[PDB]
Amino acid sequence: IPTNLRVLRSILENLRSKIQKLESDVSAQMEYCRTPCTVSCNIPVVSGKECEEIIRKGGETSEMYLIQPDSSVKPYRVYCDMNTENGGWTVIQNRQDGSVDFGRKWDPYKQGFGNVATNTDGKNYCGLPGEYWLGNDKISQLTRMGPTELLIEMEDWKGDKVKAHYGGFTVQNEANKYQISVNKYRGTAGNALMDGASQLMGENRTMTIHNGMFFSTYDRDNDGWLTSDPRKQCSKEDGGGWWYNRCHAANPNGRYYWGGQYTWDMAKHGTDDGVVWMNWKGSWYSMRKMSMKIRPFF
């Protein structure tokens, strides 16, 4: 009791002010949001069914393009990586800063969200990719037009990079809960989609396998967690949508924690949401960059 009141009183008074700071910080952002951010992306002439076709048509620079995978749907914007491994890659998911919120409900993950591309210092074309999820419906159709490979790239906060390649990748339509399938793995990042978390064994590992899983968001449970507990779900509020099992070995759509390592007292729900790829940086680490690209097989 002696020095006890001293301590507690010092903290409660301390926090009070951090609350005062935080409150201020939010007000400043509310004011900046009275207006939007903007881009001016003049559209390239060349176009195709998806990036690979474009690059075979002469589209050799990495920038935003318009593609019409099929005459039914209307042509839409996408970013094309024409430099990485012989180019022709259609980016369907990208993380590089914390610019976009990835903890969205089922619909935003169905339709898509984020910024496909941004302008590059005095330029009429958006040559840099933003952070975005192309959209489950679109991703579904793309991986179904024919054999599709998938390239996952990531980087830690120390500048290191590792890839995860998947010879075959498909995503069923909505009515089939966008079920995922992958195979022919090869890489350096570790096979977290098919095998599961490396630091695990038996059922503990096998239950962190994404391959074959259904897609779920914090407002639509399709995870491998069968029960009645209205809380034990894999995707909680602000949680990103992914192909959750019980619950994961990797999650490219997790919350973008700054710095890398994070812990249970920082996590909104104590769970380890965040740009994780266990097989590489471990359990409570969040990548600085994380992207997903597809391309016809051959």
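In case it trips you up, residue 1 is the first one in the sequence shown, and so on. For clarity, a rigid core is taken as the largest C-alpha set superposing within 1.5 Å between two forms.
- Query: Which stretch is more displaced from the shown form in 4 other deposited structures of this protein, 34-42 or 236-244, with RMS over structures and residues of Cα positions after a rigid core fit?
  - Reply: The answer is 236-244, which departs more from the shown form in 4 other deposited structures of this protein.
- Query: Once the rigid core is matched, which of the two stretches, 54-62 or 266-274, lies farther off on average in 4 other deposited structures of this protein by C-alpha?
  - Reply: Farther from the shown form on average in 4 other deposited structures of this protein: 266-274.
- Hey, which bit's got the bigger mean C-alpha B factor in the entry, 94-102 or 224-232? Comparing 94-102 with 224-232, the higher mean C-alpha B-factor belongs to 224-232.
- Message: Tell me which stretch, 66-74 or 248-256, has the higher mean Cα B-factor listed in the entry.
- Response: The entry gives the higher C-alpha B-factor average to 66-74.
- Task: Report the option among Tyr178, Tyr132, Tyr125, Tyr79 whose CA atom has the maximum B-factor in the deposited record.
- Result: Within the set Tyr178, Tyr132, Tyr125, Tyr79, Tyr125 shows the top C-alpha B-factor.
- Top Cα B factor in the deposited entry, candidates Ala117, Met201, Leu142, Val182: Spelled out: the listed residue with the top C-alpha B-factor is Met201.
- Message: Looking at the temperature factor on the CA atom of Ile1, which third of the chain's modelled residues does it land in?
- Response: Answer is highest: the recorded C-alpha B-factor places it there.
- Query: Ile294: which third of its chain by C-alpha temperature factor?
  - Reply: CA B-factor rank for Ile294: middle third.
- Query: Sorting the chain's CA B-factors, does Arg205 end up in the lowest, middle or highest third?
  - Reply: CA B-factor rank for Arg205: highest third.
- Task: Could you tell me which third, lowest, middle or highest, the C-alpha B-factor of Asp137 occupies within its chain?
- Result: CA B-factor rank for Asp137: lowest third.
- Should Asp265 be placed in the lowest, middle or highest third of its chain by the C-alpha B factor in the entry? Tercile = highest for this residue's CA B-factor.
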